[PDB]
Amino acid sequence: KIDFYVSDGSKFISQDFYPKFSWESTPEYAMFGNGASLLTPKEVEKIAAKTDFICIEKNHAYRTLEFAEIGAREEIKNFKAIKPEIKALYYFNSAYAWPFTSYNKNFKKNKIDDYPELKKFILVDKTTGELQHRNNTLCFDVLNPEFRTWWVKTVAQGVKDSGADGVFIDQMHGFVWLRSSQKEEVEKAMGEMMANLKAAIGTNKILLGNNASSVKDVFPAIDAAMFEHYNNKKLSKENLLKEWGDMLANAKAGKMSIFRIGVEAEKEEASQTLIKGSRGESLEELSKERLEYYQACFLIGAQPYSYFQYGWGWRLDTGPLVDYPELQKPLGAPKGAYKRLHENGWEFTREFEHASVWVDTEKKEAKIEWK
């Protein structure tokens, strides 16, 4: 059992441009943005002391540095100055035309008709002739080849401008539910756009596909994938079990996995009715109560170059600054694959050099015993 040992006895072959990795403690990925401001230097140290593998989210500091990719560029620079080994990822959505970057600034209801060349990249509602939207965010059309070329170009420009080590690509679906008859064409178009992005990107850049581990046409192009656990089904005992096999398959293919948990996805009765700072306090408390269970779920399936993300959202103030001491306890190399304790139960165990993991994904209990 070596630091690169895959749970099935095979060996992980990292590429040279990948993030640092070790089993010393629970490996951590942090992903965050704050539309309001840049991180203070103290906050950069807090996050940089937690993670060597970070991603800046869709609107970071846009309200004070005008454009999200300028926010990202600022954090890339601040983190790498103090920790040159840190990898920092840009963010870009494949589907929702968030107007936070310079690249997307014209996808607004007051600017888009000044840019007919860009409007043509968007899905139109056939009955009304109006643009499809969600809270007035428009929808890219992956079936449109001029859009795919523009998008690849735009993503590469953002990575290059920001100096990031790669990009987190969010959304895989291609709004297929609005064009269900062309599901096959949507899926191939997505895979093709992702393949073209990987080729256009510098060959030392990490391409991370959110929820892409099982997206057959996209998998060949990505170096990394996130498991986002955005709903109840994703958190089901059956899907956690599936995901452990997916993490193995990612490892075998040379790819990184991010196992992200946000406790907001539980819809715990604890948060019902609450708003503002009060809702925040309840979600933080819930993250601290649930950490052992969710840490165990990751550890059961952990492979080399897999990382845990934790909190209760995607912001600077939903986890990265929060002290979770169990994520810093000594872990060590795993001692082989997990075990399903007995047939048709949902208890699983795994042992590491400095810890024993038990988790019941049916009754949502866990115990990590630290040595």
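One rule holds for the numbers: they count along the sequence shown, beginning at 1.
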item: Mean C-alpha B-factor comparison - 123 to 131 and 223 to 231, higher one; value: 123 to 131
item: Entry-level comparison of average CA B-factors, 263 to 271 and 192 to 200, reporting the higher stretch; value: 263 to 271
item: Member of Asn59, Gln328, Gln309, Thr40 with the greatest C-alpha B factor (per the PDB record); value: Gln328
item: Residue, from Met31, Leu341, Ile47, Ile70, that the PDB entry assigns the highest Cα B-factor; value: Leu341
item: Cα B factor band for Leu291 (lowest, middle or highest third within the chain); value: middle
item: Record-listed C-alpha B factor of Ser257: chain third; value: lowest
item: Ranked C-alpha temperature factor of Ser162 among modelled chain residues, by third; value: lowest
item: Entry-reported Cα temperature factor of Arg148, expressed as the chain third it lands in; value: lowest
item: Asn110, C-alpha B-factor rank within chain (lowest, middle or highest third); value: highest
